[PDB]
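Visitor: Numbering (this note's numbering), first residue to last: 102 to 307.
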């Protein structure tokens, strides 16, 4: 069953961070905190893991997977970012947003949305998430942890534990978070499209 780590929100214990990354490198699926609710994460090339996350999230058809990245530099490696895209994301990072872009060749084809060959890019602003990525050395395949059917994110470690203790390999208690998901902005076309109005202000993209 799932392990359960209590990690300090501001000063993450390195030992637990490393342990979590190890679980991910071994192909496990973890629940971790972000500035915008809890999220599900796994290694990029682990198909089985991807499959598990997809079923917990019940990702709608046409909905993109998410690549949790350390910063814009890393993000520009996994997705096509032109000058305008960069300009729009520059001051609206980190946190609060998920940007839909075209994935580069560095992204497993099975992760791209079949139609448009797109994928969500997201840079978390919280210490724990940032520490997990730094330890991993690459983006983490993820999706927000939405209570099925719902429009809001899980935010309670205990509640998450009761619901998924037998479905994930690790649950990282990073505090009681917010419930409003990230604001999703599609940047693949000439006019930014607000896919979902979450915690992030949509004004910069109007």
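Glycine included, each C-beta is placed from N, C-alpha and C at the ideal position.
Can you give me the C-alpha to C-alpha distance between residue 250 and residue 257, rounded to a whole angstrom?
Guide: Straight-line Cα distance between these residues: approximately 17 Å.
Visitor: Using DSSP bridges, identify the partner residues of residue 138.
Guide: 135
Visitor: Is the separation between the beta-carbon of residue 254 and that of residue 103 shorter than 8 Å?
Guide: no
Visitor: Could you check the C-alpha separation between residue 185 and residue 114 for me, to the nearest Å?
Guide: 38 Å
Visitor: With respect to the alpha helix (DSSP H) encompassing residue 117, which residues constitute its N-terminal and C-terminal limits?
Guide: 115–126
Visitor: From the DSSP output, which residues share a beta bridge with residue 151?
Guide: DSSP, once it has assigned bridges, lists no residue as partnering residue 151.
Visitor: Take residue 127 as the anchor and find which of 106, 149, 141 and 302 has the nearest alpha-carbon.
Guide: 149
Visitor: Restricting to Cα atoms, I'd like to know which of 213, 111 and 105 is closest to residue 146.
Guide: Measuring from the Cα of residue 146, the nearest candidate turns out to be 213.
Visitor: Going by alpha carbons, who is nearest to residue 294 out of 218, 226 and 189?
Guide: 189
Visitor: Work out the CA separation of residue 263 and residue 183 for me, nearest whole Å.
Guide: 43 Å
Visitor: Is it buried or exposed, residue 231, if we count other Cβ atoms within 10 angstroms and call 16 or more buried?
Guide: buried
Visitor: What are the boundary residues of the alpha helix (DSSP H) that includes residue 178?
Guide: Residue 178: member of the alpha helix (DSSP H) spanning 173–179, first to last residue.
Visitor: Take the Cβ of residue 109 as the centre, count every other Cβ of all protein chains shown within 10 Å, and call the residue buried at 16 or more, exposed below.
Guide: exposed
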